[PDB]
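Chemist: A structural model of the following input is requested.
(chains A, B, C, D, E, F, G, H, I, J, K and L)
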Amino acid sequence: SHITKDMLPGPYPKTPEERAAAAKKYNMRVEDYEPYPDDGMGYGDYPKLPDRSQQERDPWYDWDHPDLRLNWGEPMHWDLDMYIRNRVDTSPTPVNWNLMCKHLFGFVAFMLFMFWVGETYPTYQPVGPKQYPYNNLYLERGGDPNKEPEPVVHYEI
Amino acid sequence: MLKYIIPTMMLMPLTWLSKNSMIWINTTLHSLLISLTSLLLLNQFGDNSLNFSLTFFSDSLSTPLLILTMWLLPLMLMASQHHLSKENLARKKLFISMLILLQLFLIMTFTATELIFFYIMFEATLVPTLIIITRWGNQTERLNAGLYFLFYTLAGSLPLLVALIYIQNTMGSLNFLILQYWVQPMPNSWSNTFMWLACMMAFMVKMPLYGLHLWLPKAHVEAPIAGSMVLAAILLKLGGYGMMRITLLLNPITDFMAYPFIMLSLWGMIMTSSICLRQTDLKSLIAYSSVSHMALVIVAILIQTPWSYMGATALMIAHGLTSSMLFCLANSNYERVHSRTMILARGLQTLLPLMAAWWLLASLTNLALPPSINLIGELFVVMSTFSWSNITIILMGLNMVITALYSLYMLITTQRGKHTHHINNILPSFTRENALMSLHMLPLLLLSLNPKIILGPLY
Amino acid sequence: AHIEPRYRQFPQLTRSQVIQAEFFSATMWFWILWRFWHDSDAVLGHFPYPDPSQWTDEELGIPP
Amino acid sequence: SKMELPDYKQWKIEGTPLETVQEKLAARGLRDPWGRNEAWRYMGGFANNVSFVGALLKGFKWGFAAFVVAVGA
Amino acid sequence: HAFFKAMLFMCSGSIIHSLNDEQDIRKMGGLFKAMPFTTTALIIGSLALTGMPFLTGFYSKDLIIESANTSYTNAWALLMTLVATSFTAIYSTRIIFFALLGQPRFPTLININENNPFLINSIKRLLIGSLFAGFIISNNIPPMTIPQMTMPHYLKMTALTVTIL
Amino acid sequence: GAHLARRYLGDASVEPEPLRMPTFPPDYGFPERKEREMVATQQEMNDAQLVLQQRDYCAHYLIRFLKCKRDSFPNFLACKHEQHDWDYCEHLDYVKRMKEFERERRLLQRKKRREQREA
Amino acid sequence: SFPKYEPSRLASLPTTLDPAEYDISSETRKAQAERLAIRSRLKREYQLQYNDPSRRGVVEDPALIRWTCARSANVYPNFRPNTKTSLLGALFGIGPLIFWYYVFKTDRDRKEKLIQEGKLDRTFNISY
Amino acid sequence: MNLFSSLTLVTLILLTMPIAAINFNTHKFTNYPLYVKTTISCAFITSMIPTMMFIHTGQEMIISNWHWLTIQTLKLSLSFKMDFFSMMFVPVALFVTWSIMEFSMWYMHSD
Amino acid sequence: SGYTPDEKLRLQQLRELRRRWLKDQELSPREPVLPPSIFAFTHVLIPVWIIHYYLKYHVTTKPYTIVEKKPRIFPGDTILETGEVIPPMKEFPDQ
Amino acid sequence: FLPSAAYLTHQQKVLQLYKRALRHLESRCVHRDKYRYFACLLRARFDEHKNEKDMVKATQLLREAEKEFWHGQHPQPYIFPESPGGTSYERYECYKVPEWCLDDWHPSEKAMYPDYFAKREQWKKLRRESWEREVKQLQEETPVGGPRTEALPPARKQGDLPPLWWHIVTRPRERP
Amino acid sequence: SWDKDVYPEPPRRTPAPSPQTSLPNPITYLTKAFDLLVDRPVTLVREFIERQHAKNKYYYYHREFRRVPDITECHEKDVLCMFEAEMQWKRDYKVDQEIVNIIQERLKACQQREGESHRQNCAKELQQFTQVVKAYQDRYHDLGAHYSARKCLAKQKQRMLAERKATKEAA
Amino acid sequence: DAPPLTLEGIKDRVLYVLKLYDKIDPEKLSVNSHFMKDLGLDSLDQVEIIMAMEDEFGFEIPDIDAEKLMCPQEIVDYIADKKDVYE
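Modeler: Numbers count the residues shown, from 1 in each chain, chains lettered A, B, ... in the order given. Below you will find the coordinate block:
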């Protein structure tokens, strides 16, 4: 049981009366009530908010809801379903954004470049082969127990 | 099975001529009687299928589905009170008898020896569920939902009739056995292309495929609970069963024209696991989860491999159980808060303390927890499809990851973290609801112990 | 007796826990000593390191 | 629960870090710290808590004689 | 590793619950001589990191780096493992130096405790495990490999030297 | 190490590499010094259930080590003389592999010296 | 001194360094007082519907149900098929589908060509 | 030999019991940690033995029973093995977890 | 800043009511609630017996069942079943 | 954004910067003695131009000081193990069962705890008996057409409890 | 017991210990403890069960068959002939599945008994495994899911026709 | 994990750690004593007081209650609100 007129058909126009009725319908600031604009993406006449909303609103303001950072009459932001704490914490970053991404990708490229240097320049120790007895260990490779001997021996130094 | 059919008819009129406050006990008792009675059928021995004269037969493709439906009936009925309990005596008897007549047509459908009979009993499955969801659709566009359901199911399913009469008057009668025997290959003409497109298109609509999967979510968010469970489990797995039947004919053209359906099913399976990650409206997430599982089923049916058929019927049975359970828990939460939205029902770890254990167990069956039958199905699908195309394991594993993700997300979203301290109307959990929990999951684990029953005819 | 908190003071101790503490640290040090002399000398690996191979010629037909 | 409240002005401050910061910051010319809040943190059974090699090497104050016994075996 | 960090986690969390579940290195400073059973457990565990010569934590780590340098290795990976063993030496020393050695910082009304047979038996039990049973497991295993046993100068001592620096 | 930095600072000829080890051919100028001890008893070795990449030289010392360890099992600290002998023999094998390496090194250095002075 | 905290689609511009606030106008303070009044009246209605002791039901939020009906079913009205809508629908409908269809074409052609030859690793390939 | 097989099988099956016990109890083990402690102690003392027999002899074994769906050319059963790793890994985890049981008796005191 | 006298008074009534509520949460009526190792080693022994009963009989009568990597025989030792010497290890020298 | 007014003040913003910079200095500057030194340094740096009667000078140097504070903030500060973001942050939310419950217990359990439930019965009658007259009268009269605050006055009129006491006072113990 | 005809086993080769210690022998003490504790009453329970079922007996047999002749001795329709042919064929298919099962079990046995002598005394059993699985790959593999019987025989003609023409031109 | 706490004990402890601070006298220290009105100590050092008592009791009182206490009795009130100390 609810009033049909408190739903949301149509976009913003007309600019006096539909903005007035929607601002009184959603209870926000009147001139700062935003349509998207009429982008044709559905979206009706629903508001747009500053998109971060959760690692702002510090828990010492002591509103109603414990973890939604909500207070039961709010715009109920269109992208709240991506914005909830436990999902995306839009904290103010400790340094920057460009600084973070550039230093991270540069360090990964530096390590992989020197990994290619490691792949092309091995190390070794002044060591030859082992000396397996039966022609580099016949009968413990693939087999042929009566067919294929290939005579090559070991010589001492 | 006529000894199982005549108590399905004669289980009806007792519900009419029973006195008041006594229909419930009688229906439940006699339903469980017939549950054991047709559990006695299971003697499918070795080489052949088992037959009964000109109407009935049984592979392993039909017997666990049959036992599943007759298991579903007390669960079906026993979920279906407390939202129509205070309604009228005549209308309530009408509702229960309507469910019983629905299941009679279901058993006719699962033991359909012929295929014209299968089409008739297919739309006999169609018709009563319309009446049930439209009388008790519980919300505001039950009109719209029933209308989409009826026109999609007919206008997909209808040219299947003309294709089957065409097969009728080109190869004699439409027994399953002669079609096993008098089959001959049908080459890559265009007439075979349109015939295969007609039959597989009707069944694509039934599953649903991703191209017409808007059919499903309205039909679940605006259905009562018994119609929801029957719709989901029995109708979608019956569609898969019918495809498993009639894919025996038309060997060589499915090599050509099977390409876009598998493609659409794979990519839309991924898009469906994307769509049930971010929505509200707690009921509908399981509906899109069922869309993704049936897309997985569809990949399994069209790739035509014995591993694929065994894992496919395994996935059918396991997903039927898990989806019916999770719909029942959604009904329990809506009995609590009268909302159907997700962000209102929060917390509930202290409150309803052992309901969380059944939520967790259901989310782990939908996880693909590994001894569960769900993972047996998904695993053998992955094995068969990796034999089929050897690079397609990307979408299978990404489906696995996002499927576990949204299942566990719907678990820890609704029922983890904080009570919203304004509710005042949750009650400690009723013995009926927990009885339905034990009705779901104890036969699932006892099936998990000895699962050599439920595998396909290519065992 | 029980245990008691105290305000801004060095906390009290039983003699038993501190004597097992000294016992265990001293047995660790006894193990590293009774392992460090008694049978090894394992950090120096029981073999003199051979030179560049012999620093000699006359090795199985070297070229004169 | 008795606590006895070990009183104020007892500390008679005199401690090394607080004394250095008082002298340097009086040379700066302010002389207004919080003050003597942490004498109980800087002295008592405190005030030369053990340094590096004593902390890492608390064991050898009794283990050497046991190793002498082991040599005696 | 299993004996090692089971012992270390149990010791550390015992200290954390001993100081009112605060868990941060800041305002934790001087806990030495506040009963030194758990603190001694922490320093025996941390000196059992880097493999002080030669304990139960010595054997595996040093045979690994010796087998790595005596192999057809990478010319980047051995250098990285050497630098990271130096770095695990330095954060081991930092966790000791901020756990015990500094002047004590904590809130007042302290309730520091070990009056429990369970805790002392468990910590006792695992340090006894880490002094003997590592050697016992490491010694009597049949070599399914061939150990190198022939290393040059600063190709056996060198990781120990790097932990010292 | 040292050989590694010398090879990577020097040109690819005069400091040869492993993984292509027969470079100068066998029996170049050998004064018939080849015994190739072969104390393995390779049939008895396969009977004694040994390991791949242990069917080597110096393996009878390993046989005796396994024998004494089996014969005195709760003597946890018994077998180290024969273990030390096995270590000593594989130490000798390591000496031999080092000799082969630096012998090919001096062969290639003298061969490039001699072709430079003949041409 | 500092790169002044560049904005981003992740960068929460904090409430301290805007710096665009700090000549606060009088009418902006009037707007903040209005916002305080609106939240005040809403919390008053919340407490009045909230602290009734015999109210057994839920608080019955209109704002949440408003948002849910806004999000779920009130998209298709209104809609007009625009150019940006059609472009983004084509780019998210047909692109990835036709791409993976191309690579399955290529995989089936290579696989059946190579097993047509017989130089394939199917020495024992049993569980087909 | 039957001894080594039965000892590894009891070092598995002596862990299953307490969970089925509390699902079939209906009464309160207030000393439920003491119960878990003594069954882990029994598991460790029956797991220190067959490792010693293992390195004593060699004598590696695999066990396999209780199959289901021998469908195609393959099969599957409960099949598990005790070899070098699978024996000298068990008392490590058991002894570690027995001490963590003690530490959890302390740490989970008031909860 | 500071309160108003009314805000302080409101806080004082909350102090009174919170004292009364938490004092009500205090309870010790001296009837708060009201009622309306041979075991250990037989618990050790009995599944050992059941699984050894299971492990000889059904397990053995199934032929391909529990099997072994063979005990390792030695070149200088004997065989407990047959009984003979393997020809022992060869010449010792250079030790 | 505060329950009393809308504007914070100049002085409140300065003071919150003081608390944040000092807390960051606690986190940056361990061993506590050079901390105490730098705390006197920061208090002196506020005392460098405490003498300002001006307003635009104060807020301009406050803005530059905000630049200086964000210039040298710390990544993981010593946030308390009770504060939000900190280590606990409803750690012990394991048994914050809401107090509207316990109505729905079986009467055997309500035979187990007799006197406490009789006391809850008389509290609940104290709630319902004292809701109509005084609370409904003060919620008719004292609300203006715009309430314009987030704080109510007590029942200082004559007698009994101030309104809205229930879900403010009767909150769980924060302690299982 | 079982059939050692179908399940061959190598000869037992058990060595004997030799201490050369004075511990004296803890593991022999404990294995005699295990035998004299567990092995007596479990054997007695076996004896009790043997007698109490040795009162009266039951019997189960093995289901043996006749032979229905062929599929190529049935005509194009012959439903009363093709049915016999297909059921006989499909039972042959099932017992051939178990043939491959038994050979794989022998291969597992050969891997387990040898220990680390992988490349000795498993050439025989892995070699005959490769032989039978090459036969199975050639005969029952590339036929798909809905096998009836006729797809197998069409595969049969296809294979022998192609190899006949290939060895014809390459003869 | 539950130390004994009284109003008298916590009141004497707050008054103690006030009296250790420098620029207030130990002479005129009262449980009823306005920090703003009748003592004349600065609001800035009153927030230093707030900081040190937060650091002793181990929980941050908020900024919005870093405004409006100004006396030890309401300080005991707010700490008894956070800690829930009555009997």
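Chemist: give me the element the nearest residue to residue J:147 once chain neighbours are set aside is part of.
Modeler: Once flanking residues are discounted, residue J:147 sits nearest to residue G:40: 4.4 Å by Cβ to Cβ, 6 or more residues apart in numbering or on different chains. Where C-beta positions appear, they are placed from N, C-alpha and C, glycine not excepted. Per DSSP states H and E, residue G:40 falls inside helix G:26-50.
Chemist: biggest helix in the chain by residues?
Modeler: Since no chain was named, I'll use chain A. Determined from DSSP state H, the single longest helix within chain A is helix A:98-120.
Chemist: actually it's chain K I care about, not the one you picked
Modeler: helix K:79-114.
Chemist: Mind giving me the packing neighbours of it?
Modeler: Helices and strands touching helix K:79-114, as assessed by 3 or more Cβ pairs under 8 Å, 6 or more residues apart in numbering or on different chains; DSSP states H and E, comprise helix B:176-181, strand I:67-69, helix K:123-139.
Chemist: Next one: stretch H:23-38, is it in contact with chain E?
Modeler: No. Judged by Cβ under 8 Å from any Cβ of the partner chain, stretch H:23-38 stays clear of chain E, getting no closer than 9.4 Å.
Chemist: Quick check: buried residues in that stretch?
Modeler: H:35-38 (16 or more other Cβ atoms under 10 Å in any protein chain shown).
Chemist: next one: stretch I:44-64
Modeler: Applying 16+ other Cβ under 10 Å to stretch I:44-64 flags I:44, I:47-49, I:51-53, I:55-56, I:59 as buried.
Chemist: Return the alpha-carbon coordinates of the longest helix of chain A using CSV.
Modeler: Extracted in CSV, the C-alpha atoms of helix A:98-120 (Å, rounded to 0.1, in the frame of the first residue of the first chain):
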residue,chain,number,x,y,z
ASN,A,98,49.0,8.4,-10.6
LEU,A,99,52.1,8.0,-8.4
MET,A,100,50.8,4.7,-7.1
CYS,A,101,50.0,3.2,-10.5
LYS,A,102,53.2,4.4,-12.2
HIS,A,103,55.5,3.2,-9.5
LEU,A,104,53.8,-0.2,-9.3
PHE,A,105,53.8,-0.9,-13.0
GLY,A,106,57.4,0.4,-13.3
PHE,A,107,58.6,-1.8,-10.5
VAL,A,108,57.0,-4.9,-12.1
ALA,A,109,58.6,-4.0,-15.4
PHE,A,110,62.0,-3.6,-13.8
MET,A,111,61.8,-6.9,-12.0
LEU,A,112,60.6,-8.7,-15.2
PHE,A,113,63.3,-7.1,-17.3
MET,A,114,65.9,-8.3,-14.9
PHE,A,115,64.2,-11.7,-14.9
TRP,A,116,64.8,-11.8,-18.6
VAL,A,117,68.4,-10.9,-17.8
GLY,A,118,68.4,-13.9,-15.5
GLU,A,119,66.8,-16.1,-18.2
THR,A,120,69.5,-15.2,-20.7
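Chemist: I'd like the distance from stretch J:130-149 to the chain centre, please.
Modeler: 24 Å (Cα atoms, centre = their mean, to the nearest Å).
Chemist: starting at the chain centroid, how far to stretch B:444-455?
Modeler: Per Cα atoms, centre = their mean, the centroid offset for stretch B:444-455 relative to its chain is 18 Å.
Chemist: Check stretch D:13-21 too.
Modeler: Distance, centroid of stretch D:13-21 to centroid of chain: 12 Å (Cα atoms, centre = their mean).
Chemist: Around chain J, pick out the residues from chain H.
Modeler: Residues of chain H lying near chain J (Cβ under 8 Å from any Cβ): H:110-111.
Chemist: Chain D now?
Modeler: So chain D meets chain J at D:17-18, D:20-21, D:24-25, D:30, D:32-34, D:38, D:41 (Cβ under 8 Å from any Cβ).
Chemist: rewinding a little: residue K:29: which of the helices and strands packed on helix K:79-114 is closest?
Modeler: Closest to residue K:29 of the helices and strands packed on helix K:79-114 is strand I:67-69 (Cβ to Cβ; 23.3 Å).
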